[PDB]
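Inspection log for the structure reproduced underneath, given as structure tokens.
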RNA sequence: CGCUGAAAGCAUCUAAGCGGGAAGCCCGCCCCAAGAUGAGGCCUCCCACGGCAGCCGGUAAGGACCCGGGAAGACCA
RNA sequence: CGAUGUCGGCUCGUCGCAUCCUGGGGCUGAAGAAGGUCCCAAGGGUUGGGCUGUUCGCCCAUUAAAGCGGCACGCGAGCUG
RNA sequence: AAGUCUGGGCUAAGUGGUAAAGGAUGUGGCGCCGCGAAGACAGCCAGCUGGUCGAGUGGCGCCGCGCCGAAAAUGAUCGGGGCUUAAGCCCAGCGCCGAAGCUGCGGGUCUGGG
Ligand SMILES: [Mg+2]
Ligand SMILES: [Mg+2]
Ligand SMILES: [Mg+2]
Ligand SMILES: [Mg+2]
Ligand SMILES: [Mg+2]
Ligand SMILES: [Mg+2]
Ligand SMILES: [Mg+2]
Ligand SMILES: [Mg+2]
Ligand SMILES: [Mg+2]
Ligand SMILES: [Mg+2]
Ligand SMILES: [Mg+2]
Ligand SMILES: [Mg+2]
Ligand SMILES: [Mg+2]
Ligand SMILES: [Mg+2]
Ligand SMILES: [Mg+2]
Ligand SMILES: [Mg+2]
Ligand SMILES: [Mg+2]
Ligand SMILES: [Mg+2]
Ligand SMILES: [Mg+2]
Ligand SMILES: [Mg+2]
Ligand SMILES: [Mg+2]
Ligand SMILES: [Mg+2]
Ligand SMILES: [Mg+2]
Ligand SMILES: [Mg+2]
Ligand SMILES: [Mg+2]
Ligand SMILES: [Mg+2]
Ligand SMILES: [Mg+2]
Ligand SMILES: [Mg+2]
Ligand SMILES: [Mg+2]
Ligand SMILES: [Mg+2]
Ligand SMILES: [Mg+2]
Ligand SMILES: [Mg+2]
Ligand SMILES: [Mg+2]
Ligand SMILES: [Mg+2]
Ligand SMILES: [Mg+2]
Ligand SMILES: [Mg+2]
Ligand SMILES: [Mg+2]
Ligand SMILES: [Mg+2]
Ligand SMILES: [Mg+2]
Ligand SMILES: [Mg+2]
Ligand SMILES: [Mg+2]
Ligand SMILES: [Mg+2]
Ligand SMILES: [Mg+2]
Ligand SMILES: [Mg+2]
Ligand SMILES: [Mg+2]
Ligand SMILES: [Mg+2]
Ligand SMILES: [Mg+2]
Ligand SMILES: [Mg+2]
Ligand SMILES: [Mg+2]
Ligand SMILES: [Mg+2]
Ligand SMILES: [Mg+2]
Ligand SMILES: [Mg+2]
Ligand SMILES: [Mg+2]
Ligand SMILES: [Mg+2]
Ligand SMILES: [Mg+2]
Ligand SMILES: [Mg+2]
Ligand SMILES: [Mg+2]
Ligand SMILES: [Mg+2]
Ligand SMILES: [Mg+2]
Ligand SMILES: [Mg+2]
Ligand SMILES: [Mg+2]
Ligand SMILES: [Mg+2]
Ligand SMILES: [Mg+2]
Ligand SMILES: [Mg+2]
Ligand SMILES: [Mg+2]
Ligand SMILES: [Mg+2]
Ligand SMILES: [Mg+2]
Ligand SMILES: [Mg+2]
Ligand SMILES: [Mg+2]
Ligand SMILES: [Mg+2]
Ligand SMILES: [Mg+2]
Ligand SMILES: [Mg+2]
Ligand SMILES: [Mg+2]
Ligand SMILES: [Mg+2]
Ligand SMILES: [Mg+2]
Ligand SMILES: [Mg+2]
Ligand SMILES: [Mg+2]
Ligand SMILES: [Mg+2]
Ligand SMILES: [Mg+2]
Ligand SMILES: [Mg+2]
Ligand SMILES: [Mg+2]
Ligand SMILES: [Mg+2]
Ligand SMILES: [Mg+2]
Ligand SMILES: [Mg+2]
Ligand SMILES: [Mg+2]
Ligand SMILES: [Mg+2]
Ligand SMILES: [Mg+2]
Ligand SMILES: [Mg+2]
Ligand SMILES: [Mg+2]
Ligand SMILES: [Mg+2]
Ligand SMILES: [Mg+2]
Ligand SMILES: [Mg+2]
Ligand SMILES: [Mg+2]
Ligand SMILES: [Mg+2]
Ligand SMILES: [Mg+2]
Ligand SMILES: [Mg+2]
Ligand SMILES: [Mg+2]
Ligand SMILES: [Mg+2]
Ligand SMILES: [Mg+2]
Ligand SMILES: [Mg+2]
Ligand SMILES: [Mg+2]
Ligand SMILES: [Mg+2]
Ligand SMILES: [Mg+2]
Ligand SMILES: [Mg+2]
Ligand SMILES: [Mg+2]
Ligand SMILES: [Mg+2]
Ligand SMILES: [Mg+2]
Ligand SMILES: [Mg+2]
Ligand SMILES: [Mg+2]
Ligand SMILES: [Mg+2]
Ligand SMILES: [Mg+2]
Ligand SMILES: [Mg+2]
Ligand SMILES: [Mg+2]
Ligand SMILES: [Mg+2]
Ligand SMILES: [Mg+2]
Ligand SMILES: [Mg+2]
Ligand SMILES: [Mg+2]
Ligand SMILES: [Mg+2]
Ligand SMILES: [Mg+2]
Ligand SMILES: [Mg+2]
Ligand SMILES: [Mg+2]
Ligand SMILES: [Mg+2]
Ligand SMILES: [Mg+2]
Ligand SMILES: [Mg+2]
Ligand SMILES: [Mg+2]
Ligand SMILES: [Mg+2]
Ligand SMILES: [Mg+2]
Ligand SMILES: [Zn+2]
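Protein chains in written order, with the deposited numbering: chain 19, 1 to 37; chain 1N, 1 to 140; chain 1E, 1 to 204; chain 1H, 2 to 175; chain 1z, 1 to 12.
Okay, structure coming up:
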């Protein structure tokens, strides 16, 4: 998981979801998984 | 003429079903009743309020996410002795304290203020031991 | 949960499988139940046990009353065991078989006014290199203007010992029912002649 | 573009009783209650159940599709019922039944014995296939995930507990 | 860290 | 980290709901503790005194004083 | 400035967490073992020596680890000097 | 001490009640194009075209209010309790409370006019 102030889509298959008051970015590629913070 | 000051009268007893009422908005009225500020002969330097019996305090109700976010706090005087207790848990363990803390913070500080708090009888569960006083059902 | 009153009698080692095993001998039996605490009456469950026979010349009327309502000889010591309800009217050492692990409570030896070194295992001061009358003193006890006070709980000199102490999970090495002895492996709070409580262990 | 207003076929013959905030779906395989938002109104038509929302704002739209599917899944549950299949891949790895219970031998120093909760039935055809079956779709799915959790698919080898229809994507070893 | 005295050592 | 699942026919651990998950948090262990003036509870004992929620006087059950001591202790306890 | 005693050590702690270890995680150019990197976590723990007044630092031998800070650069009506 | 006052609206963070670049399918309200009953977007059956689904769908910008970014040392807290169609925020009202200011009544002293 990456934890950043700037979470962005990295590849066309990335997906910005919002869960529990937090912006995540989940994806098929494990490297792309992000959490804001 | 000098302002009327009442001699000691028989204090009224009162019953309130806390069930489904919003914690704070009920506490306020209980406090007023405790101060006797509903009585036209109110006097600020003696206890002449009502006695207030509250039932179903375990079913007090509350808005927002306060059930898991509202923190009750206790400092013991010892290093690291700050205890934090959530609403949810207070209800789960000592539910009457929830409403008791609320009213207490809305009564005056000082000796009289402590005496008024004493006339507040609060119970979890529909019943109360004070049928002896036969307290008047109040809708609030 | 089960328990018994008793007095600490002394220490020895016995031999068991080519091993020396340190033991404390305890005289536990026999303890008559003189009251039972019940949820409908007392709100909790326990047994008030009596221990050691007393000269009726020394037992007063409110005390006599209590004993008689239980049909019991005047006893010197009255003490409860919680969540213990023996089928009998009398509790003896036989409720403990060897191999069981037990919890022993007694009154620790009193050191009276104890310095900070004995009490709290402080380091004290140097005995040379300029040390000035501080060889057994406790050092600093605080900070400065912030917080400008001393913590509740600050370890300081003061009375030490003569307090309730429980040591836990002691082995029952043997039991001699004909003499009301219990043999427990290791050390037990307090002096010989000291009253001790023996309960089945709370450890697992 | 819509789930909540798409009607729910009810097979002959399962019954759908409607109470405030819940619906009871009884059928050939058993019964199960579905809690429903007191804001949504579920309707009992002929051979069909429908769900209607009281406005077109966000919260009501969000409950709508949810409520419809909750009931649709309940319906299929008591008629066809649900199941999920688990493939066990890896050499020493195998599974077997012991009474109602399922015993995984999946490479630990011990075997794992999964007890089935109420409404759940275990099956072992081959020693390498397991079927978790029941009328509660969320419950079956749960237990299935549970079984899989015991020994997830390795990332390097085609070894472990797999979902049927789960693709074996692996990364190279040194 | 070594900083300089601001106050002398106390004399009789 | 998931199950079920819309808004968004797909997808989504979440918006309804439900699981898993730390030496950490609550209980559990040990010790203090009803001055907890919110001063609690049980067992047992005394008792229905003479004089004009008060006073004085003798008692009850009980306590203290004094004394012999004490792995209790600075005195006190 | 009609006085707020000043570095270092000792003794005694206590808090923070930007976590040295231990516990729990995600990603890894993660085969295993062992690392990296980020997240959660402050409950406990965080050794003995040589040199220097030293704080610090370097070195020896270990270790799960040999954490960084605040408390008048914590603490001289507590000692040292 | 005086409104749990009235009417319209936003906010779900206890935001209100302590901060920045910057990041975001948070929410509400404007605006602009792209596409589509010559059948679009999604799903399922093929090769950016096809087929049944039968509707809406995708991108850009602006406005309000919120979210993250947000770690520090004794015990916490918006002054406290407590507050969620509000006891928060925006717009518009009526009424009250509130000072040794203003008024009423009485008194003093100086100054000025009688
Ligand atoms: Mg990161
Ligand atoms: Mg970036
Ligand atoms: Mg892109
Ligand atoms: Mg969560
Ligand atoms: Mg995805
Ligand atoms: Mg109310
Ligand atoms: Mg309300
Ligand atoms: Mg009222
Ligand atoms: Mg409510
Ligand atoms: Mg809540
Ligand atoms: Mg503590
Ligand atoms: Mg501690
Ligand atoms: Mg703290
Ligand atoms: Mg503690
Ligand atoms: Mg505490
Ligand atoms: Mg005041
Ligand atoms: Mg033997
Ligand atoms: Mg009981
Ligand atoms: Mg009990
Ligand atoms: Mg029991
Ligand atoms: Mg004892
Ligand atoms: Mg000495
Ligand atoms: Mg000593
Ligand atoms: Mg000691
Ligand atoms: Mg030393
Ligand atoms: Mg020494
Ligand atoms: Mg000297
Ligand atoms: Mg000298
Ligand atoms: Mg000396
Ligand atoms: Mg000082
Ligand atoms: Mg202070
Ligand atoms: Mg003592
Ligand atoms: Mg102890
Ligand atoms: Mg005990
Ligand atoms: Mg052992
Ligand atoms: Mg052992
Ligand atoms: Mg539609
Ligand atoms: Mg799964
Ligand atoms: Mg799947
Ligand atoms: Mg390769
Ligand atoms: Mg001098
Ligand atoms: Mg998944
Ligand atoms: Mg799914
Ligand atoms: Mg679906
Ligand atoms: Mg939810
Ligand atoms: Mg929500
Ligand atoms: Mg959970
Ligand atoms: Mg799981
Ligand atoms: Mg441990
Ligand atoms: Mg005790
Ligand atoms: Mg007591
Ligand atoms: Mg008492
Ligand atoms: Mg007690
Ligand atoms: Mg109190
Ligand atoms: Mg009383
Ligand atoms: Mg008492
Ligand atoms: Mg008794
Ligand atoms: Mg008499
Ligand atoms: Mg008389
Ligand atoms: Mg007498
Ligand atoms: Mg004596
Ligand atoms: Mg002694
Ligand atoms: Mg003596
Ligand atoms: Mg004396
Ligand atoms: Mg000066
Ligand atoms: Mg001076
Ligand atoms: Mg001065
Ligand atoms: Mg040194
Ligand atoms: Mg020293
Ligand atoms: Mg030294
Ligand atoms: Mg030393
Ligand atoms: Mg401190
Ligand atoms: Mg520390
Ligand atoms: Mg420190
Ligand atoms: Mg860092
Ligand atoms: Mg290091
Ligand atoms: Mg680790
Ligand atoms: Mg770690
Ligand atoms: Mg890692
Ligand atoms: Mg590895
Ligand atoms: Mg490698
Ligand atoms: Mg892994
Ligand atoms: Mg390798
Ligand atoms: Mg990095
Ligand atoms: Mg780093
Ligand atoms: Mg870092
Ligand atoms: Mg952290
Ligand atoms: Mg820690
Ligand atoms: Mg701490
Ligand atoms: Mg520390
Ligand atoms: Mg050293
Ligand atoms: Mg040398
Ligand atoms: Mg050295
Ligand atoms: Mg050095
Ligand atoms: Mg350095
Ligand atoms: Mg140097
Ligand atoms: Mg060098
Ligand atoms: Mg290691
Ligand atoms: Mg070192
Ligand atoms: Mg270092
Ligand atoms: Mg340090
Ligand atoms: Mg410092
Ligand atoms: Mg400084
Ligand atoms: Mg200093
Ligand atoms: Mg220092
Ligand atoms: Mg100082
Ligand atoms: Mg000095
Ligand atoms: Mg010094
Ligand atoms: Mg001083
Ligand atoms: Mg000292
Ligand atoms: Mg209103
Ligand atoms: Mg937030
Ligand atoms: Mg707030
Ligand atoms: Mg805030
Ligand atoms: Mg900004
Ligand atoms: Mg963008
Ligand atoms: Mg929007
Ligand atoms: Mg916006
Ligand atoms: Mg299509
Ligand atoms: Mg925040
Ligand atoms: Mg933090
Ligand atoms: Mg702070
Ligand atoms: Mg309004
Ligand atoms: Mg004036
Ligand atoms: Mg005038
Ligand atoms: Mg003048
Ligand atoms: Mg004139
Ligand atoms: Zn991606």
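Positions of the beta carbon are idealized from the N, C-alpha and C atoms, including for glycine.
Query	Result
Beta carbon proximity, residue 79 (chain 1N) to chain 1E, threshold 7 Å	yes
Outcome for residue 53 (chain 1E) when other beta-carbon atoms lying within 10 angstroms are tallied against a minimum of 16	exposed
Minimum length 4: unbroken alpha helix (DSSP H) runs contained in the segment 135 to 191 of chain 1E	none
The segment 7 to 22 of chain 1H contacting the segment 11 to 29 of chain 1E, beta-carbon criterion three pairs below 8 Å	no
Nearest to residue 89 (chain 1H) (by Cα), restricted to the options 3 (chain 1H), 164 (chain 1H), 7 (chain 1H)	164 (chain 1H)
Neighbour flag for residue 153 (chain 1E) against chain 1N, beta carbons, 7 Å	yes
Check your reading: residues with Cβ closer than 7 Å to ligand 24 heavy atoms	118 (chain 1E), 119 (chain 1E), 120 (chain 1E), 121 (chain 1E)
Inter-stretch contact at 8 Å, needing at least 3 Cβ pairs: the segment 21 to 35 of chain 1H / the segment 68 to 84 of chain 1H	yes
Integer-rounded CB distance, given that residue 91 (chain 1H) should sit under 8 Å from residue 174 (chain 1H)	Not a contact, Cβ separation roughly 15 Å.
Check: residue 21 (chain 19) C-beta below 6 Å from any heavy atom of ligand 112	yes
From 157 (chain 1E), 156 (chain 1E), 166 (chain 1E), 153 (chain 1E), residue whose alpha carbon lies closest to that of residue 106 (chain 1E)	166 (chain 1E)
Any non-hydrogen atom of ligand 39 within 6 Å of residue 164 (chain 1H) CB	yes
Residue burial classification, residue 54 (chain 1H) (beta-carbon count within 10 angstroms, cutoff 16)	buried
Touch test, the segment 145 to 155 of chain 1E against the segment 82 to 100 of chain 1E, Cβ-Cβ under 8 Å, three pairs minimum	no
Candidates 82 (chain 1E), 123 (chain 1E), 49 (chain 1E), of which the one nearest residue 66 (chain 1E) by Cα	49 (chain 1E)
Residues sharing a beta bridge with residue 17 (chain 1N), DSSP	55 (chain 1N)
Residue 87 (chain 1H) versus 105 (chain 1H), 100 (chain 1H), 72 (chain 1H), 77 (chain 1H), residue with shortest Cα-Cα distance	105 (chain 1H)
Three CB pairs or more closer than 8 Å across the segment 49 to 62 of chain 1N and the segment 119 to 126 of chain 1N	yes
Among 172 (chain 1E), 70 (chain 1E), 4 (chain 1E), 139 (chain 1E), the one whose alpha carbon lies nearest that of residue 35 (chain 1E)	70 (chain 1E)
Sub-7 Å separation of residue 81 (chain 1N) and residue 72 (chain 1N) beta-carbons	no
Cβ neighbour criterion (16 or more within 10 Å) applied to residue 22 (chain 1N)	exposed
Residue 103 (chain 1E) - partner residues in DSSP beta bridges	199 (chain 1E)
Residue interval of the alpha helix (DSSP H) (run including residue 28 (chain 1N))	23 to 35
DSSP three-state assignment for residue 39 (chain 1N), whether helix, strand or coil	coil
Residue list, Cβ distance to ligand 26 heavy atoms smaller than 7 Å	123 (chain 1E), 124 (chain 1E), 127 (chain 1E)
First through last residue of the alpha helix (DSSP H) which encompasses residue 93 (chain 1N)	87 to 93
Straight-line gap, residue 140 (chain 1E) to residue 155 (chain 1E) (C-alpha atoms, nearest Å)	11 Å
Per DSSP, the bridge partner or partners of residue 123 (chain 1H)	133 (chain 1H)
Contact test: residue 74 (chain 1N) Cβ vs ligand 17 heavy atom, cutoff 6 Å	no
Whole alpha helix (DSSP H) elements within the segment 58 to 117 of chain 1E, 4-residue minimum	61 to 68
Three CB pairs or more closer than 8 Å across the segment 35 to 44 of chain 1H and the segment 93 to 113 of chain 1H	no
Cβ neighbour criterion (16 or more within 10 Å) applied to residue 96 (chain 1H)	buried
Three-state secondary structure (DSSP) of residue 16 (chain 1H)	strand
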